[PDB]
Engineer: 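Sharing a structure, written as structure tokens. Questions coming.
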Protein chains: 2
Amino acid sequence: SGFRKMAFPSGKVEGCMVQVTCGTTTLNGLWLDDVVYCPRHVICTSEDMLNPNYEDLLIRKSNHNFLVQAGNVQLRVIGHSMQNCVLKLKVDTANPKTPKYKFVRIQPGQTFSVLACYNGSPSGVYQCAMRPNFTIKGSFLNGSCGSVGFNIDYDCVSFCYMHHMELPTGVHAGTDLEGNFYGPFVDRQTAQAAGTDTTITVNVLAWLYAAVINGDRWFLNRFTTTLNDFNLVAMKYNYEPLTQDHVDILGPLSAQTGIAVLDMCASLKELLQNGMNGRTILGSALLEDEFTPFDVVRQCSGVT
Amino acid sequence: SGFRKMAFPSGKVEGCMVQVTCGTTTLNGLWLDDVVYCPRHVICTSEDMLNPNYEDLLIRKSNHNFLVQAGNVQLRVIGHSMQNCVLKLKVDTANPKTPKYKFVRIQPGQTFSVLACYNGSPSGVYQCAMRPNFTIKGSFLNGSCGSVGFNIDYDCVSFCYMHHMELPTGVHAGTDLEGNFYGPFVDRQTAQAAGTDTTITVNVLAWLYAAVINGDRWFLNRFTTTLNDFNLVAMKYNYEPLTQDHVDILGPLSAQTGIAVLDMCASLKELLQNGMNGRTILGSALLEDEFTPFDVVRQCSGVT
Ligand SMILES: *C(=N)[C@H](C[C@@H]1CCNC1=O)NC(=O)[C@H](CC(C)C)NC(=O)c1ccc(-c2ccc(OC)c(OC)c2)cc1
Ligand SMILES: *C(=N)[C@H](C[C@@H]1CCNC1=O)NC(=O)[C@H](CC(C)C)NC(=O)c1ccc(-c2ccc(OC)c(OC)c2)cc1
């Protein structure tokens with residue numbers, strides 16, 4: 001009965017990772033059915049990444065310029081189209097390991113597992129959150145583009161993220177599986193100012209609930225607050241304003257711990273204004289905000 | 001170019017997870033070749049866990065009392081033997097998804113990925129470290145026993161851990177894949193005092209090196225120390241004594257950052273004696289010690 005940052009089992013996703021090569025650039029691709037999805041800047045020369053006119057680059061590209069490798073057995077491309085910042089390649093073979101899958105655009109605050117890939121082979125898996133400024137604080141090196149972010153519900157994989165770029169502040173930006181960027185970002189080597197990153201307030205509260213479940217409960221005080229007053233101090237500390245919707249999501253958690261949601265906001269209020277005083281909650285000296293209420297429940301329920 | 005707690009891709013391991021049921025108790029099993037490994041306390045009734053005489057329990061067990069399920073297709077047991085705290089069942093079918101595998105006993109401080117399973121289906125994956133007192137601080141609920149810990153080197157899976165038990169301090173204990181417990185623990189519902197948990201000193205230094213690689217470098221001071229003097233303050237702070245062996249492991253990291261290992265020990269010395277002063281390193285306000293020098297390199301190298 002512990003609590004750690006968990007990631008979805010990656011097996012169902014590794015069976016879709018291929019290596020896509022165009023010219024000299026090589027990256028990762030997602031092979032579902034007879035289609036392979038990859039970032040469109042695979043057609044970019046290392047000097048064209050400064051200001052690329054992607055439309056006048058794809059016209060000079062034919063099918064045979066794309067070398068799709070799934071393991072040491074390569075795939076023949078038959079058709080290729082572009083959708084926003086994603087490239088779609090039609091291959092003469094449907095991936096026999098294709099799972100039940102879905103393309104969903106997630107919302108700021110939601111979490112997902114990331115399968116970091118290099119040259120089409122998986123290197124590792126870790127859990128990420130979509131920050132309110134639509135960036136993510138992942139770990140990515142050269143060739144990691146095309147690695148995807150995903151959730152798993154029983155047997156169906158929800159593909160929500162594909163890696164594209166690293167921002168000047170060290171964080172990361174990418175697109176949904178339809179090629180549409182999360183946030184006001186474009187595939188272009190230029191300084192792109194990410195917005196101010198607020199803290200996902202509803203996630204911090206769910207994390208504090210997972211602590212009470214896990215014996216760590218020194219932070220519960222004898223105070224209380226209202227949703228309006230708690231919100232007022234939350235904006236001074238760059239926290240997301242808590243809505244009645246958020247309160248209702250935490251409700252299941254509130255029911256299992258017997259601590260009203262508004263009373264937990266009170267303990268978080270005094271925690272924000274007075275600090276942890278060198279103490280730690282669930283082995284961290286910071287307030288963690290990359291655990292959605294859903295994540296806490298499924299971890300304390302053994303959801304498979 | 002970020003740094004997060006990564007876990008090995010789990011795909012090669014999920015293909016070995018089965019459900020093992022004996023009487024009413026049901027847990028997870030590791031199906032490699034024509035053998036299935038599982039914790040021996042599957043033969044334990046919920047009242048016999050207080051003081052179980054495992055030898056006089058296995059004799060009253062035959063082959064047909066063990067229901068091995070791999071998915072919704074069940075396996076017939078033909079032979080069963082006991083090895084320390086592990087149970088081995090001979091099945092009439094070799095697992096066609098068996099990988100290149102190995103059974104290795106790891107050492108305190110080493111890290112491995114954990115595939116948390118329930119009813120034979122995987123629920124998630126996270127990274128763990130073998131604490132110097134031979135416990136681990138994982139996340140485990142009822143039915144998680146038989147979940148394994150593993151490392152992956154190219155194509156070969158190194159099975160090092162199998163979950164057995166939770167200790168009173170909230171941490172976890174288990175065996176190697178030969179049934180031999182890590183530490184002075186036994187499979188028995190009784191208060192088992194874990195030893196004092198020291199901090200894996202060599203791991204903290206490697207983590208500080210990953211920070212310098214990642215731009216976070218406010219902690220490097222203009223001081224220096226010797227291995228002997230640094231060790232003296234390390235024992236007052238319950239840190240593992242640093243050996244010349246540890247220094248040589250960090251060497252590759254020392255070479256990439258240009259910071260002598262002994263100078264990094266100096267920065268860690270003053271960090272231990274003066275605190276972070278509310279600052280954070282790599283997004284944590286604590287000194288992290290679950291990153292081996294190997295883990296840092298492979299993450300900054302894209303090892304697949
Ligand atoms: C995909 N394979 C990579 C993955 C990146 C590179 C290494 N780590 C990653 O996460 N994608 C890219 O390299 C894209 C190429 C585009 C899509 C054509 N570009 C970038 O990731 C990138 C990095 C850095 C800057 C940058 C410019 C100017 C700065 O000064 C203010 C600055 O400050 C640090 C950064 C731009 C684009
Ligand atoms: C396997 N399926 C489980 C997994 C455990 C239970 C829930 N979380 C886990 O990690 N294994 C067990 O339940 C084993 C059974 C043995 C091997 C026959 N036992 C325990 O995990 C266990 C838990 C707690 C105690 C305990 C006793 C006395 C205390 O008071 C001082 C105390 O303090 C908290 C704890 C013993 C054994």
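Order of the sequence lines sets the chain letters (A, B, ...), proteins ahead of strands, with each chain counted from 1. Only this structure's heavy atoms are used, side chains among them; waters, hydrogens and symmetry mates stay out. As the structure lists them, so they are numbered: ligands from 1, and atoms in each ligand from 1.
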Engineer: Can you tell me if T135(A) and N133(A) form a side-chain donor-acceptor pair at under 3.5 Å?
Structural biologist: yes

Engineer: Do any N/O atoms on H164(B) end up under 3.5 angstrom from N/O atoms on ligand 2?
Structural biologist: yes

Engineer: Please check whether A191(B) reaches ligand 2 - meaning an N/O of the residue sits under 3.5 Å from an N/O of the ligand, judged on distance alone.
Structural biologist: no

Engineer: So which protein heavy atom does atom 32 (C) of ligand 2 come closest to, and at what separation?
Structural biologist: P168(B) CB, 3.7 Å

Engineer: Examine the proximity of ligand 1 to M165(A) and report which part, side chain or backbone, both or neither, has a heavy atom under 4.0 Å away.
Structural biologist: both

Engineer: Atom OG of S139(B) and atom CD of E166(B): how far apart are they, to the nearest 0.5 Å?
Structural biologist: 9.0 Å

Engineer: Among all protein heavy atoms, pick out the one at the shortest distance from atom 4 (C) of ligand 2; state its residue, atom name and that distance to 0.1 Å.
Structural biologist: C145(B) SG, 3.2 Å

Engineer: Relative to atom 7 (C) of ligand 2, which among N28(B), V42(B), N142(B) owns the nearest non-hydrogen atom?
Structural biologist: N142(B)

Engineer: In the protein, which heavy atom is nearest to atom 18 (C) of ligand 2, and how far is it?
Structural biologist: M49(B) CG, 3.6 Å

Engineer: How far is atom 22 (C) of ligand 2 from its nearest protein heavy atom, and which residue and atom name does that atom have?
Structural biologist: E166(B) O, 3.4 Å

Engineer: About how many Å separate CE of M162(B) and OH of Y37(B), when rounded to the nearest 0.5 Å?
Structural biologist: 10.0 Å

Engineer: So which protein heavy atom does atom 8 (N) of ligand 2 come closest to, and at what separation?
Structural biologist: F140(B) O, 3.3 Å

Engineer: Can you sort out which atoms of ligand 1 are near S1(B), meaning under 4.0 Å from one of its heavy atoms?
Structural biologist: 8 (N)

Engineer: Is the shortest N/O to N/O distance between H163(B) and ligand 2 below 3.5 Å?
Structural biologist: yes

Engineer: Please confirm whether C44(B) comes under 4.0 Å of ligand 2, counting heavy atoms of the residue only.
Structural biologist: no

Engineer: Of all the heavy atoms in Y54(A), does at least one lie under 4.0 Å from an atom in ligand 1?
Structural biologist: yes

